Every structure is written in structure tokens, then in C-alpha cells.
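A quick write-up on the structure given underneath.
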Amino acid sequence: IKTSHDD
Amino acid sequence: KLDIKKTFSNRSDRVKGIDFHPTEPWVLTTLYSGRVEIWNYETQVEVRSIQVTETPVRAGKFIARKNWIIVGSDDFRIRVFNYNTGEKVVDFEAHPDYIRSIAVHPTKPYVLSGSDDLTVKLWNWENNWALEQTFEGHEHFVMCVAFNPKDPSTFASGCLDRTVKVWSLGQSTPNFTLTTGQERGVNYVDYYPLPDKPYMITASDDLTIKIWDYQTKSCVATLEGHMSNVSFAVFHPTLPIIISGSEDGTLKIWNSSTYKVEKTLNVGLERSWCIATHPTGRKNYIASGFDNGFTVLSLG
């Protein structure tokens with residue numbers, strides 16, 4: 001799971 | 001002096017990484033789609049392009065002295081390509097998580113990668129790309145790595161844990177940890193290149209850019225005015241300016257002595273993610289990558 005800053 | 005001209009802009013999928021070649025008029029872009037592009041920005045023709053992966057390629061650099069590009073992507077892998085032959089020199093799992101940033105040592109055959117796995121790793125291309133060191137200590141995603149150009153036995157890492165750590169190659173703990181007060185973390189760290197100031201600069205999701213004296217650890221200045229996450233902020237190698245870019249869609253040029261904004265550019269490509277400056281100041285070229293493509297600008 002990518003918690004943030006995926007963009 | 002400041003006389004900005006649009007040398008070459010092209011639309012593409014989101015540009016996460018960008019870099020200038022030091023002796024050819026080329027820019028490398030690494031895209032969120034897994035593609036990377038090498039453009040001659042004078043002729044506006046692609047030198048070479050590669051569908052590297054289906055995952056985002058967040059980091060890419062030239063290694064001109066080896067005729068390579070090196071890229072890193074969310075599939076966990078570092079890949080190196082010869083840009084003259086297209087040959088894939090190496091392809092290895094570097095981290096068990098996203099790769100955010102790659103730096104290349106200026107003379108020694110070392111590459112640093114910073115990762116969401118909380119680490120920086122050092123790889124040596126003269127030792128078959130061996131992992132020579134893992135730098136542990138950060139507590140959130142490592143967003144940016146950069147050698148100190150004046151002493152590249154040391155380097156800085158910027159991290160979502162709100163710190164910059166400065167490390168010595170061959171030593172396992174930071175020389176120091178800088179508490180930035182940028183409470184949404186640090187997305188980028190860069191060194192001022194000239195010997196008269198021991199300065200570094202950090203950019204944050206908290207909308208600020210901060211200038212640091214790395215000898216005293218004091219904050220010299222805080223640059224305010226971006227309206228969304230600041231993706232990067234850098235010192236220019238020859239001009240007395242700082243250049244920043246943001247998810248607000250702007251680049252900003254700031255006076256590097258007064259720290260006042262000098263120009264805001266609404267590039268028209270949506271969010272800005274990455275920056276490069278021509279390493280010798282040729283035509284004062286800079287380039288930045290965005291949601292909808294890139295732009296190469298001549299400042300003068």
C-alpha cells in the first residue's frame with residue numbers, strides 16, 4: 001500500500 | 001540580464017525526472033508512464049526513447065563519461081542504458097519499494113539511490129554495480145539525494161520525516177541531522193555550488209523553501225509564495241538566483257541575495273515535478289518536467 005506521494 | 005525565452009517545450013505524459021547532458025544539446029525526461037525520452041532541444045528531434053517499464057520512472061540521470069543514462073522506477077529496479085547503442089548495461093532490484101532520486105558522483109564511479117524503503121544505497125559501477133553501503137536512519141520516504149559538489153565524499157538526503165541528513169561515504173551515521181521545521185517533510189535538497197557560502201536549500205509540501213548554513217545548521221531564509229507542494233528548489237550554477245517549482249503549476253525565480261521573488265512563470269503544463277540546470281550555464285538553459293510535458297528555457 002502506497003501511503004502518500006503516489007503521483 | 002533576465003530575458004527568458006522558450007527554447008523547446010513538448011507535451012508528454014507526466015515528467016518525473018529530468019537532466020541535461022553536459023556536452024551534447026540533449027535533455028533526458030523520465031515519465032510516469034514508464035517511458036524515457038532523450039531530446040535534442042536545439043533540433044527538436046529525439047535522440048533515443050525507451051519504454052523502460054510500465055511503472056513510473058521517477059529518477060534519471062546522464063552518466064556522460066560512460067555514455068549512459070541511469071534510471072530508477074517504482075517496479076524497484078535500477079536500469080542503465082547506453083544512449084549510443086541502446087544496450088541495457090544492467091537491470092537490478094535496488095530497493096523493495098519506490099525509488100525517488102538518483103545522484104551520480106562527479107568523479108568516482110558511485111551512484112546513490114534514495115527510496116521509500118527509508119534508505120539511501122550506494123552502488124559502484126566499477127565493482128559490477130555492487131551494493132557498497134546502505135545508509136539507515138531516516139524514518140519516512142527518502143525523496144532526494146545530492147552530493148556536496150565541493151566535497152563529494154559527503155552527500156545530503158531529504159526525507160518526508162522532516163529532516164535532511166548529511167553523511168560521509170564509508171560511515172554509517174549522519175555527520176548531522178538537520179531539523180527543518182518543514183513539518184510536511186522535505187521533498188528536495190540541493191547545494192549551492194560555489195565556495196563562498198556553505199548553503200543548502202530544501203523544498204516542502206508545507207509550501208516553504210528554506211536556505212541553510214550547513215556549518216552552523218541555522219536557517220538563513222524562508223522563501224514563501226508557492227500555493228501547493230514545492231517539488232524542488234535549486235541554486236543556479238552561474239546566476240545569482242534560486243529556481244523552484246510546485247504543484248501549483250508555476251516555476252519561480254528568486255534573487256539569491258535578497259531572497260525576494262523575481263519572476264513567476266505559469267508554464268501551462270499543470271503540476272511541476274522536476275528541474276535541471278545546464279551544468280556549465282550554456283545559454284543559461286534550465287529545464288523542468290510537469291504533468292503534461294516539459295519545457296527547456298534559456299534565461300539569457
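If you're wondering about the labels, chains in the C-alpha cells are A, B, ... by order shown, residues count from 1 in each chain, ligands from 1 in order shown.
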Give me, as a PDB file with N, CA, C and O atoms, in the first residue's frame, the residues of chain B touching chain A, with the criterion being at most 10 Å (counting only C-alpha atoms).
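Listing of result37.pdb after writing:
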ATOM      1  N   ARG B  14       3.347  12.522 -17.716  1.00  0.00           N
ATOM      2  CA  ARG B  14       3.952  13.279 -16.608  1.00  0.00           C
ATOM      3  C   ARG B  14       5.455  13.035 -16.486  1.00  0.00           C
ATOM      4  O   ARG B  14       5.893  11.891 -16.354  1.00  0.00           O
ATOM      5  N   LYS B  16       8.644  13.005 -14.418  1.00  0.00           N
ATOM      6  CA  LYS B  16       9.087  12.944 -13.029  1.00  0.00           C
ATOM      7  C   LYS B  16      10.564  13.248 -12.837  1.00  0.00           C
ATOM      8  O   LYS B  16      10.945  13.723 -11.751  1.00  0.00           O
ATOM      9  N   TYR B  32       6.053   9.150 -15.934  1.00  0.00           N
ATOM     10  CA  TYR B  32       5.191   8.352 -15.073  1.00  0.00           C
ATOM     11  C   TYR B  32       4.657   7.117 -15.780  1.00  0.00           C
ATOM     12  O   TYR B  32       4.271   6.144 -15.112  1.00  0.00           O
ATOM     13  N   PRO B  56       6.009   4.001 -13.028  1.00  0.00           N
ATOM     14  CA  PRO B  56       6.646   5.324 -13.116  1.00  0.00           C
ATOM     15  C   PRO B  56       8.160   5.229 -13.017  1.00  0.00           C
ATOM     16  O   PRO B  56       8.704   4.482 -12.197  1.00  0.00           O
ATOM     17  N   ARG B  58      10.780   7.542 -11.782  1.00  0.00           N
ATOM     18  CA  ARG B  58      10.831   8.807 -11.062  1.00  0.00           C
ATOM     19  C   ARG B  58      12.182   9.497 -11.127  1.00  0.00           C
ATOM     20  O   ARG B  58      12.259  10.702 -10.841  1.00  0.00           O
ATOM     21  N   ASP B  74       9.346   2.542 -10.078  1.00  0.00           N
ATOM     22  CA  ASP B  74       8.507   2.026  -8.999  1.00  0.00           C
ATOM     23  C   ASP B  74       8.431   0.503  -8.969  1.00  0.00           C
ATOM     24  O   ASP B  74       7.970  -0.056  -7.966  1.00  0.00           O
ATOM     25  N   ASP B  97      10.978  -1.107  -2.761  1.00  0.00           N
ATOM     26  CA  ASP B  97       9.985  -0.038  -2.692  1.00  0.00           C
ATOM     27  C   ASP B  97      10.384   0.992  -3.735  1.00  0.00           C
ATOM     28  O   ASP B  97      11.448   0.878  -4.351  1.00  0.00           O
ATOM     29  N   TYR B  98       9.561   2.028  -3.886  1.00  0.00           N
ATOM     30  CA  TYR B  98       9.806   3.046  -4.900  1.00  0.00           C
ATOM     31  C   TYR B  98      11.182   3.688  -4.755  1.00  0.00           C
ATOM     32  O   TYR B  98      11.679   3.928  -3.642  1.00  0.00           O
ATOM     33  N   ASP B 116      11.681   4.956  -0.860  1.00  0.00           N
ATOM     34  CA  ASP B 116      10.624   4.821   0.125  1.00  0.00           C
ATOM     35  C   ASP B 116      10.915   3.730   1.138  1.00  0.00           C
ATOM     36  O   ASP B 116      10.225   3.685   2.154  1.00  0.00           O
ATOM     37  N   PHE B 141       9.827   8.256   3.654  1.00  0.00           N
ATOM     38  CA  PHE B 141      10.402   8.142   2.312  1.00  0.00           C
ATOM     39  C   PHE B 141      11.562   9.110   2.102  1.00  0.00           C
ATOM     40  O   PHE B 141      11.454  10.313   2.394  1.00  0.00           O
ATOM     41  N   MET B 143      13.248  11.267  -0.327  1.00  0.00           N
ATOM     42  CA  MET B 143      12.761  11.918  -1.536  1.00  0.00           C
ATOM     43  C   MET B 143      13.854  12.458  -2.442  1.00  0.00           C
ATOM     44  O   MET B 143      13.591  12.696  -3.625  1.00  0.00           O
ATOM     45  N   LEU B 160      10.749  12.711   3.938  1.00  0.00           N
ATOM     46  CA  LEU B 160       9.436  13.055   4.485  1.00  0.00           C
ATOM     47  C   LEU B 160       9.400  13.033   6.003  1.00  0.00           C
ATOM     48  O   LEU B 160       8.410  13.502   6.576  1.00  0.00           O
ATOM     49  N   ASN B 187      10.953  17.395   0.311  1.00  0.00           N
ATOM     50  CA  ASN B 187      10.862  16.724  -0.994  1.00  0.00           C
ATOM     51  C   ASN B 187      12.151  16.843  -1.793  1.00  0.00           C
ATOM     52  O   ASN B 187      12.359  16.063  -2.733  1.00  0.00           O
ATOM     53  N   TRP B 273       7.222  18.980 -11.399  1.00  0.00           N
ATOM     54  CA  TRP B 273       7.787  17.910 -10.584  1.00  0.00           C
ATOM     55  C   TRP B 273       9.306  17.932 -10.488  1.00  0.00           C
ATOM     56  O   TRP B 273       9.859  17.475  -9.466  1.00  0.00           O
ATOM     57  N   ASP B 291       3.255  17.604 -15.227  1.00  0.00           N
ATOM     58  CA  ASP B 291       2.149  16.707 -15.566  1.00  0.00           C
ATOM     59  C   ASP B 291       2.000  16.485 -17.064  1.00  0.00           C
ATOM     60  O   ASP B 291       1.787  15.349 -17.485  1.00  0.00           O
TER      61      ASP B 291
END
Note to self: Please identify the strand (DSSP E or B) residues within segment 65-284 of chain B (assignment by DSSP from backbone atoms) and present them as a ChimeraX atom specification.
What the structure shows: /B:68-73,77-82,88-93,99-104,110-115,120-124,130-135,142-147,154-159,163-168,176-179,188-191,199-203,209-213,219-223,230-235,241-246,250-255,261-266,272-277
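The spacing separating atom CA of residue 7 of chain B from atom CA of residue 276 of chain B amounts to 14.3 Å.
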